[PDB]
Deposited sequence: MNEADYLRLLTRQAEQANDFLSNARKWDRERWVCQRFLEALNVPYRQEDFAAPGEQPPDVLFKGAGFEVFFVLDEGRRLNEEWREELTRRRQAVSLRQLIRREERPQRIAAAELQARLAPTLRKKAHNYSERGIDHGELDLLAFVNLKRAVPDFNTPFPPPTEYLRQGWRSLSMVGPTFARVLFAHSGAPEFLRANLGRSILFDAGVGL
């Protein structure tokens, strides 16, 4: 496939994900993100494994994980370096870190999970992910990303679920249509 038509395919894919999210119910949307992420990592689950906690945060409980789910959206595509892609999480992560600090919430029990879907950008998978130092400093137990094109565990502390720790140091790249 010529590059232009491939990038078009990835744009239509991004559009499809947005169309779904904009019409989904809140907890269902968050659970859906968790399912897509677990599928990316080939982590088995049954539907009964997902639960909502008494208090938010987090959003979705799964086998010891406390998934705090957030969306990184933007609405002819450009390839964005992994560093710049990772930086797209910063505004929301800063706001959460602040809000939770003000409430006396233990950041260290939360496994952050970003659903990243940009119509204007596609990751440049030839570029390396830099250490997530700002996000490490915010005190989360773990931070992961998933989108139609890829999934990656950015970091996970020793106390994080083993399935997170097992997937450090790697990115999962989806063929078109496989991520969603």
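Missing from the model relative to the deposited sequence is only the stretch 76-104 (no C-alpha coordinates, numbering from 1).
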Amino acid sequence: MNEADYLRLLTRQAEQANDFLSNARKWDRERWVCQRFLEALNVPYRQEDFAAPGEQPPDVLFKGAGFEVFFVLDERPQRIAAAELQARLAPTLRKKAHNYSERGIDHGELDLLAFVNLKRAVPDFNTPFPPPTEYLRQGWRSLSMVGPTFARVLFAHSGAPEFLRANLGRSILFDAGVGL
From here on, numbers count along this sequence of modelled residues.
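In this crystal structure, the stretch out of 76-84 and 92-100 whose C-alpha atoms carry the higher mean B factor is 76-84. In this crystal structure, the stretch out of 53-61 and 107-115 whose C-alpha atoms carry the higher mean B factor is 53-61. Taking only the listed residues 26, 36, 152, 141, the entry reports the highest CA temperature factor at 26.
For residue 17, the recorded CA B-factor ranks within the highest third of the chain. Only modelled residues enter the ranking.
Compared with the other modelled residues of the chain, the Cα B-factor recorded for residue 134 ranks in the middle third. Split the chain's modelled residues into thirds by C-alpha temperature factor. Residue 121 is in the highest one. In the PDB entry, residue 160 places in the highest third of its chain by CA B-factor.
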